[PDB]
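# Remarks on the overall topology
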Amino acid sequence: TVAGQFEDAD
Amino acid sequence: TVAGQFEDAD
Amino acid sequence: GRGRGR
Amino acid sequence: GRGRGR
Amino acid sequence: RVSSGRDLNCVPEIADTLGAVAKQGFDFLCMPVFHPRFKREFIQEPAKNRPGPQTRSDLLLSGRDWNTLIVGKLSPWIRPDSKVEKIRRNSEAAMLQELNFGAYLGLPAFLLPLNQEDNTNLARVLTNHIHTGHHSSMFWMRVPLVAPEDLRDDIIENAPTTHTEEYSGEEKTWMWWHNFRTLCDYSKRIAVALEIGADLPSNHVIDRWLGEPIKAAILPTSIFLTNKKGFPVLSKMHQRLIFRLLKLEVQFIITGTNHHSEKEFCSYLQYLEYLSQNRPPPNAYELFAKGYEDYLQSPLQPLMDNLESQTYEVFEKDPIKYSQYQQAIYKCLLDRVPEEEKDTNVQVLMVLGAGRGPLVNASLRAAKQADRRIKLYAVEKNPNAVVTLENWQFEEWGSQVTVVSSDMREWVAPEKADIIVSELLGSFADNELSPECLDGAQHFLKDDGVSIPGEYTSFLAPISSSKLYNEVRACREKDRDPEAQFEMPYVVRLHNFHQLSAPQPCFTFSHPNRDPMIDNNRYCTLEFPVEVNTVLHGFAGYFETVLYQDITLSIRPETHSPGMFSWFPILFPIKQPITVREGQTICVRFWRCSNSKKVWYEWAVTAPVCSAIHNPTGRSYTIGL
Amino acid sequence: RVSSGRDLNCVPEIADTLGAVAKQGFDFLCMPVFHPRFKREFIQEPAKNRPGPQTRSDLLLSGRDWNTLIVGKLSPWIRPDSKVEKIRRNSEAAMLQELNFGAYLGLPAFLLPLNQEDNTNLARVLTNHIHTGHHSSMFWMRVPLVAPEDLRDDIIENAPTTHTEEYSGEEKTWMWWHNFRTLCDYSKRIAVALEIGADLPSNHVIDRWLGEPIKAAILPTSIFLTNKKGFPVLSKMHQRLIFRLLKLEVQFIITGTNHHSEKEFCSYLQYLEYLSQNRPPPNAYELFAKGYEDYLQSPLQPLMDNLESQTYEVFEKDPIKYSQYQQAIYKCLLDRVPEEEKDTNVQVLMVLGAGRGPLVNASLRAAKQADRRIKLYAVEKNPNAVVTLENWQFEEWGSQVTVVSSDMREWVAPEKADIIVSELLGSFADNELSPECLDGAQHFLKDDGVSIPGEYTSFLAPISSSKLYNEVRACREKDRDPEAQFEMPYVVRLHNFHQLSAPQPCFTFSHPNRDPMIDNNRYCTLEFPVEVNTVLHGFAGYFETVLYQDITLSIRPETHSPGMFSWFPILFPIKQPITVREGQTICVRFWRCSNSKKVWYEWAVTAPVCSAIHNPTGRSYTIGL
Ligand SMILES: Nc1ncnc2c1ncn2[C@@H]1O[C@H](C[C@@H](N)CC[C@H](N)C(=O)O)[C@@H](O)[C@H]1O
Ligand SMILES: Nc1ncnc2c1ncn2[C@@H]1O[C@H](C[C@@H](N)CC[C@H](N)C(=O)O)[C@@H](O)[C@H]1O
């Protein structure tokens, strides 16, 4: 749903 | 289709 | 096994 | 059996 | 639903032929893999050096089409049993070639004609093929119901047709099959494609063909009568035979030409569909048994095994058994407690092997409707069933029901029971050691107490079933005596079988047993007249029981309880099939033996031809105490 | 989809818990059958007489729900390996009770822990339960990748941790597993459910684990990292491990509590879906092999028995092989025939074992593209393939092709062949007697002839896998030596396995063998270094062939030809798994014996532990000739 919901943690 | 198409022969 | 069997 | 088997 | 196919001997092209056949509505096409008239030589040159292709390519149809839409037919000129060595050798070579090609195409089934008294060489070739490669294909023997020699017209001046009442001369066709079946050691890959003639034989013959592995039935187009509307129809006896075959679930193959040229060929098929609709819908029992017909299962032994939740769930699906138990309990309560003592008298009722509590619910409902006070115990040895019973007792029953987690044989009751209700009846009456448990429980029954079921008897009936024998023979378990499968009973639905005589009582048990002698070892001898001249394959076992006075519960075919489907007949196999004649009363003997630690059955047939004693000393099958 | 489940040990009510779990998107729930803190005694008088139900009844759920939705867990307080006799006995009784209840409910799987090194008594109890009655509930052993003792923080003053590499100390958990399944005798009903934990071990440890029969993977919610948007995510190493596990079709079990309270618990599962998608989609080979992975099938022997149409059809589905053959033919034709001789010079080409004709079409197309004149002799022994070839030859093929129905070893060619083409290569280099057939055919090859199959070499590589070992053990059949299944090779798509070393060449053949004394018996010795403690289970076998020059067909993993799905690797099992340590060298020996009218392989591992020669005299496996 949210854009970049699954983007890796930095 | 025909009425009584499968009536036994006599 | 439905009935009376395994 | 596919590949080269049986 | 009905699955039917077409039989053709000419196929100029495959694609268009299949298209037309599908348009007509058939499911599969029976065709010759090789041209029927194209004789081939294999020894004598220059004939054997024939150039060019031997048959049409296999690339015309996709592999899926070959595996489902086509059934191969053996060429008509192949006569492996001819009297000439040259012809016999050529026929053998041609049959091997055609069978190998059929295997190459992966045909689902292959049709072989069987229309001679002697076909030993054909059996040899077929069995040699059956042991070479993978050969997943099935084999259907086209065996007429009536030999052509018998149905030929009497139009020869000096070759009159037989008119004597040859009662044994009308079964010859079956013999042809039987012999061939024996030579191929009852191969599971050999079935029958029965061919129906215009004239049908005596009812006993058509019964004979029951129990044989019939896969297809061949209907010539010449057996259909014409109704006044000009359509094809079947005679009443033919219709009954077709209904029976449908109940056997064979595939119908229409063969011949369109005799009723005024109508499309599909009309024939349509008529069959009409009959398929007239088939009465299956009853509750038939629907319940659908899936396990002639499927072998080992009988349950609750005494040493613990049943799963699903087992109890399927047990509880039967309303007839519990309704009749409730009726029996209600009648017993009414008899025992008079109206004047209704308020003051309380009856002690013990439910043995209560399982998940359906018997307890039945007893409570019976007591409520009879308006008699009762105190109930529920004895159960299975700890998980005990857990479920305790949950029930805490939630619903309350203090009225006392749950006991102990074997009734070892339990010491605090009070003497007025009534003991139990269900320990297997397919055979005493298969599940109901007598032993009930005689152990008798010690805490009142002198005037009542035991439900009141009495139970077991019945045996000889049966012939090629399919059942083959499945039993296929139960070979590695790591075991090679012939142990024949020395243990199975519970089967016996859908495809022939019963050679009415069942007769085998063993009888009654409780409570006040006899000073208390023994369960039993010995019985049974005589079964035979009027069919068939081969005996085993013994089917049923049972009946009187719960209380009139209330009865049975699975015997003549008095089968309507709707009840909780039990299937038990099967006692025989090591070797035994042929029987019009006389030759079958004399069989049964033993029920025990050693205080196991219980087992021993059975043997003494007439017409003796046989080995099966399962001696519980060698191959025992029920733990 | 990716089968995902939820692990809970507090389930106040099953109905609402299952509703919530299903709403979140999970597929199954792992729960305790008994209350985790409800200790029970069986040998103490006041305690063993505890009244009331011991657990919630099974009536709460439909029989279907139990069999598919629920997974049982063992109570934490049960310690069968306790040092105290009383505690040990109580734990044994409680574990037996819980396992029996799980069987009664028919749970699909039951989860037991392996949190400590010693598990002998637990293994004994579980094995005793397995060999008692009939049930199908699988068992999942929860084995952390990193032992709990090693994951604790350095908080203790008197018991500090150590930063030593401990290369041998990172495998201890696997040892716990390896011993356990050894105690239970590699039972097929025991599987692993490894727990990922916060930190991963050395990559070699993970590679070793991936060879074990992993059925589930436990993901604590504490390992998920938080991204800038507050959602859970995984580190790169965790993502790679998850990809590898997904390739094995494992079941993911999310366990723990919702640490990211701001979001919903489903956020975890969604992330796995995001990893489920976007993973490298299966290639053509993987899609082709789908459905046949770790499935053992016997190799084909076309020389002895004739193949079916479907086999030839599947052979045709591979375009790469025939494209390579066409390229090799094109190069050979160009080299042999100069441009000035492009006409008036017809090269005699032979195709041996033409099958249904794909090789002949490839040769014709190669000739057309090379613009050279040729003449073919298609040789095929399979009479049905001969029929197909003849039909393909009568049309669409000029007089160039000359179908011959004979064995090349016996056929007497009328003209010497410039080239000979064949595809007798099997999974192993010479599994189908290609050397013998080519040596026989060499007699009619010209002095300067070319054999397009050129050269081929076989490669062996040790492999360890409990899945394949269990499967081959299950391949035991009656009517033969019980150890025969271990003395024959199987064609298998090795999927769940670990390769202990790089392949090394086993045997090499080249044609024509112009040297005298053409013999095919061979003897080879191979040494394989090992870099990790493991349990060798067998030898995987591949082949690599050079067609003509610069054109190669390979199936060895390091140089596998792209899209080449015609051949699967072969497997040579060893009846006794061989434990191997780091630094040891596995020394194995292979014999190819070709006694008259017979051919077979014999293999034996001599180091580090000798094993009996497998398949001596071809007693268990032979190629027939
Ligand atoms: N000797 C025995 N003592 C106590 N319970 C027994 C004994 N033998 C069998 N049982 C139990 O009797 C039960 C058999 C019945 N559940 C069979 C179905 C029956 N309609 C019922 O639900 O009661 C099983 O729970 C067995 O564990
Ligand atoms: N000794 C032999 N003489 C003649 N044909 C043989 C011999 N051994 C094997 N074959 C044939 O070699 C063929 C093997 C090939 N069809 C395998 C697939 C290959 N792509 C092809 O279609 O040619 C089979 O048709 C066998 O019948």
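Residues numbered from 1 in each chain as written, not as in the entry; some residues may be left out. Chains lettered and ligands numbered in written order. Part of a larger assembly, values for the part shown. Heavy atoms only, no water.

Listed as the method for this PDB entry is cryo-EM; the listed resolution is 3.06 Å.

Where the PDB entry is consulted, chain E appears under the name Protein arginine N-methyltransferase 5, with the organism given as Homo sapiens. In the PDB, the structure is listed with the title "Cryo-EM structure of PRMT5/WDR77 in complex with 6S complex". What UniProt records for chain E under Catalytic activity is the sentence "L-arginyl-[protein] + 2 S-adenosyl-L-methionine = N(omega),N(omega)'-dimethyl-L-arginyl-[protein] + 2 S-adenosyl-L-homocysteine + 2 H(+)". According to its UniProt record, chain E has this under Sequence similarities: "Belongs to the class I-like SAM-binding methyltransferase superfamily. Protein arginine N-methyltransferase family." (UniProt positions renumbered as here; feature names shortened; annotations may be inferred.)

With numbering matched to this structure, UniProt assigns "domain: SAM-dependent MTase PRMT-type" to residues 296-603 of chain E. Split by type, residues 296-603 of chain E is 22% helix and 33% strand. Its first and last C-alpha atoms lie 19 Å apart. (Helix = DSSP H or I, 4+ residues; strand = E, 2+ residues; numbered from the N terminus.)

Listed per partner, the contact involves 35 residues of chain F and 34 residues of chain E. Buried area between chain F and chain E, summed over both chains or domains, comes out near 2900 Å², and the portion from carbon and sulfur atoms is 51%. The largest share of the area that chain F buries against chain E comes from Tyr104(F), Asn384(F) and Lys478(F), three residues that together contribute 22% of it. Taken together, the links from chain F to chain E amount to three salt bridges. Salt-bridge contacts for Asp479(F) lead to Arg476(E); the nearest nitrogen and oxygen are separated by 3.4 Å. Along the contact surface separating chain F from chain E lie 11 residue pairs in polar contact. (Contact = heavy atoms within 4.5 Å. Buried area = accessible area lost by both parts, 1.4 Å probe. Salt bridge = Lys/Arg side-chain N within 4 Å of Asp/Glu carboxyl O. Polar contact = N/O pair within 3.5 Å; in protein donor to acceptor, adjacent residues only side chain to side chain.)

With that settled, consider the relation of the copies chain F and chain E. After a rotation of 180 degrees and a shift along the axis of 0.0 Å, chain F superposes on chain E with an RMSD of 0.4 Å. Here the copies are linked by what is in effect a two-fold axis. Closest approach to the rotation axis within chain F is made by the C-alpha atom of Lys478(F), at a distance of 2.8 Å. The fraction of interface residues of chain F whose copies in chain E are also interface residues reaches 91%, indicating that both copies meet through the same surface. (Least-squares fit on C-alpha atoms.)

A few words now on the UniProt feature "active site" in chain E. When the UniProt feature table is mapped onto this chain numbering, "active site" sits at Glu423(E) and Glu432(E). Note that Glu423(E) resides in the loop between β14 (417-422) and α15 (434-441). Look past the residues within four positions of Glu423(E) in its chain and what remains in contact with it is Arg4(C), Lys321(E), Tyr325(E), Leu352(E), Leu359(E) and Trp567(E). Separated by 2.9 Å, the side chains of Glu423(E) and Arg4(C) make a polar contact. By secondary structure assignment, the location of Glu432(E) is in the loop between β14 and α15. Taking the relative accessible area as the measure of exposure, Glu432(E) reaches 6% and is therefore buried. Dropping the residues within four chain positions of it, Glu432(E) is found in contact with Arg4(C), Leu300(E), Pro302(E), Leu424(E), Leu425(E) and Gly426(E). (Buried < 20%, exposed > 50% of the residue type's maximum accessible area, 1.4 Å probe, protein only.)

What follows concerns the side chain of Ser363(F). Residues and elements named next belong to chain F. Tracing the backbone shows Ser363 in helix α14 (residues 358-370). Of the residues examined, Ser363 reaches a relative accessible area of 3% and is grouped as buried. A distance of 2.8 Å separates a polar side-chain atom of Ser363 from the backbone oxygen of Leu359.

Let us now look at the pattern of salt bridges. The full count for this structure, using the stated rule, is 68 salt bridges over all chains. Its salt-bridge partner being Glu558(F), residue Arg556(F) comes within 2.4 Å of it at the nearest N-O pair. Relative accessible area serves as the criterion here: at 16%, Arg556(F) is assigned to the buried category. On the basis of relative accessible area, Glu558(F) is assigned to the partly exposed category, the value being 38%. Connected through salt bridges with shared partners, the residues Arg4(C), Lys321(E), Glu423(E) and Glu432(E) form a single ionic network.

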